[PDB]
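Engineer: My structure is below; once you've seen it, I'll send some questions.
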Amino acid sequence: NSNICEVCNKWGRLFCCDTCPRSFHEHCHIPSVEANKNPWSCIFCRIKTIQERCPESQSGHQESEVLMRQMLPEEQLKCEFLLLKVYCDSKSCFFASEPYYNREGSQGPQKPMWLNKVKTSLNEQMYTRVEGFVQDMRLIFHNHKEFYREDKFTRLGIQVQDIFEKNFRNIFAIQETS
Ligand SMILES: [Zn+2]
Ligand SMILES: [Zn+2]
Ligand SMILES: [Zn+2]
Numbered sequence: 701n702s703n704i705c706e707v708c709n710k711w712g713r714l715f716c717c718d719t720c721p722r723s724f725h726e727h728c729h730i731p732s733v734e735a736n737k738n739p740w741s742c743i744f745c746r747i748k749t750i751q752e753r754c755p756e757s758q759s760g761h762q763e764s765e766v767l768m769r770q771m772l773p774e775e776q777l778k779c780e781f782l783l784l785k786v787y788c789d790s791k792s793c794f795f796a797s798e799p800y801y802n803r804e805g806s807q808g809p810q811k812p813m814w815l816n817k818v819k820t821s822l823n824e825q826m827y828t829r830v831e832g833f834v835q836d837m838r839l840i841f842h843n844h845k846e847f848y849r850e851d852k853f854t855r856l857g858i859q860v861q862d863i864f865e866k867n868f869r870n871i872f873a874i875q876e877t878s
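With the entry's author numbering applied, the sequence shown covers 701 to 878.
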């Protein structure tokens, strides 16, 4: 197994996957690494299994259809993995915890949103469709763009949104377009 957490790239108390060489901190893995389960398979392995069981699940899809899917076990897992892929980027630190807004010439957003709030919402099964999860994720970056206006710090939101959107297209097998 790897000697660092796959998500945060630090050593520490790590749990090792039995079917691939990745390792995780307890709360870096999503869902949080399970108490028992020998062997244990990480979320990367579980996602790969879905694809292997149904190769046709990788044919192209329309975003509009994906968003309307109910949050059954497989779509729940896919959103957990997409969330994890965002946390894997170090720039996710800016969007992880609850923000506050006091900047001359800007007003805070009507509906603040952050990664740990989405994490909790997934854990507590508060989304009924894929749409609910994707809307909250996109709202994080949209709030950031709006608040920071012409400050160059707005680019952090563009960067992390791009990581989200690429991973969304990959995980849910969105039809490639020009
Ligand atoms: Zn970690
Ligand atoms: Zn694994
Ligand atoms: Zn199939």
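All residues carry an ideal CB built from backbone N, CA and C; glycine is no exception.
Please report the straight-line C-alpha distance between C793 and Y787, rounded to a whole angstrom.
Structural biologist: Roughly 8 Å separates the two Cα atoms.
Engineer: Which word fits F853, buried or exposed, when buried means at least 16 other C-beta atoms lie within 10 angstroms of its C-beta?
Structural biologist: Exposed is the call here.
Engineer: Within the continuous beta strand (DSSP E) that includes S723, where are the two ends?
Structural biologist: Its beta strand (DSSP E) spans residues 723–725.
Engineer: Cα separation between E775 and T828?
Structural biologist: If I take the Cα positions, the gap works out to 10 Å.
Engineer: Hey, quick one: how far does the alpha helix (DSSP H) through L767 stretch, first residue to last?
Structural biologist: Run containing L767: 763–767, per the alpha helix (DSSP H) assignment.
Engineer: Check whether the Cβ atoms of residue 879 and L822 lie closer than 8 Å to each other.
Structural biologist: For residue 879 there is no data in the structure shown, the boundaries of the chain being 701 and 878.
Engineer: For the alpha helix (DSSP H) that contains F872, what are its first and last residues?
Structural biologist: Unbroken run through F872: none, as it is neither H nor E.
Engineer: How is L784 classed by DSSP in three states: helix, strand or coil?
Structural biologist: In this structure, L784 counts as helix in the three-state DSSP scheme.
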